[PDB]
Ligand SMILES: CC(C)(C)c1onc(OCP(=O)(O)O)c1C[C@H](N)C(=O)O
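Next comes just one chain, in structure tokens: the form deposited without the named molecule.
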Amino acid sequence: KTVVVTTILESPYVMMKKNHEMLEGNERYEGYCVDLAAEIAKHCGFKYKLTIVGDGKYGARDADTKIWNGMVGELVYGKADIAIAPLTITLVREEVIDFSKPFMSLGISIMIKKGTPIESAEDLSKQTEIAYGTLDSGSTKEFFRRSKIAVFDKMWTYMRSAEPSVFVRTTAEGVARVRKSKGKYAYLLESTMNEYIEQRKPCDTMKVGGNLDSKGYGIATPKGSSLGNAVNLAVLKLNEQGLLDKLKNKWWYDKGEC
């Protein structure tokens, strides 16, 4: 039967085509993950339907109810068969769902509006004129919340209490905030996205400093899924075939407008 793929609208991973209104099904979308999903479905020989996660989140566990939201939740509760998106491989998630070996390597990075007096995380933690935050319900927020290293811990103390809130619902919201904040806001996001945005108009942002950590994105399946094994080998095969690198250049720099 048709495999239900959950994903999220996040450029350049998954975006609606210009003429999506006249298109149907999987044809309505384009992007790195759209291409990746097609490659995987072909090598594993299955039909699939791309669906956009209902709450538009990656996935976090509610501390009160212990209920998972986002794409992780759709997998945990049987609403989806596989997640193909820029979903970060983490311990808390690995405990409830399965991840293939990473199809992309990245790390948390700093996005500033061009000209802002910031070059590192240490620089952000020593000032208060410039606010900074992260995406909600994801791995980046968890990183700071659970960090015991001096600089990041102090950053979390500031962010978790900040008012107004420095957290955002979507990457787009964080990027917009940096751009319209005259440089009084810095956004903490994964290098993959930072590098992508840095190459798009109005070309007013830039990634500064080195990554804060090293991790990766994996294709996720529910625990005990029959697709788990196959997808994992498919990812490795595609990386060694050079496909993943091919797709990276196609959506990041071949389309770059800066």
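Residue indices: 1-based, along the sequence shown.
143-151 and 69-77 differ in mean CA B-factor, and the higher of the two is recorded for 143-151. For the segment pair 211-219 and 43-51, the entry gives 43-51 the higher mean B-factor, averaged over Cα atoms. Within the listed group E30, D204, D64, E190, the record reports its top CA B-factor for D64. In the deposited entry, the Cα temperature factor of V34 places it in the lowest third of its chain's modelled residues. Ranked against the other modelled residues of its chain, the C-alpha B-factor of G56 as given in the entry falls in the middle third. When all modelled residues of the chain are sorted by CA temperature factor, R160 is found within the highest third. Ranked by C-alpha B-factor against the other modelled residues of its chain, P102 falls in the lowest third. Per the PDB record, residue ranking by Cα B-factor puts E173 in the middle third of the chain.
Below: the form solved in complex with the named molecule, not depicted.
With the site C-alphas superposed, the named molecule from its pose in the deposited bound form puts 3 or more atoms within 2.4 Å of the backbone and C-beta atoms of the shown form; the site is blocked. In the deposited bound form, none of the heavy atoms of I84 sits within 4.5 Å of a heavy atom of the named molecule. Shown alone here, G138 lies within 4.5 Å of the named molecule in the deposited bound form, counting heavy atoms only. Although the partner is absent here, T192 lies within 4.5 Å of the named molecule in the deposited bound form, judged by heavy atoms. Of the heavy atoms in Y217, some are within 4.5 Å of the named molecule in the deposited bound form.
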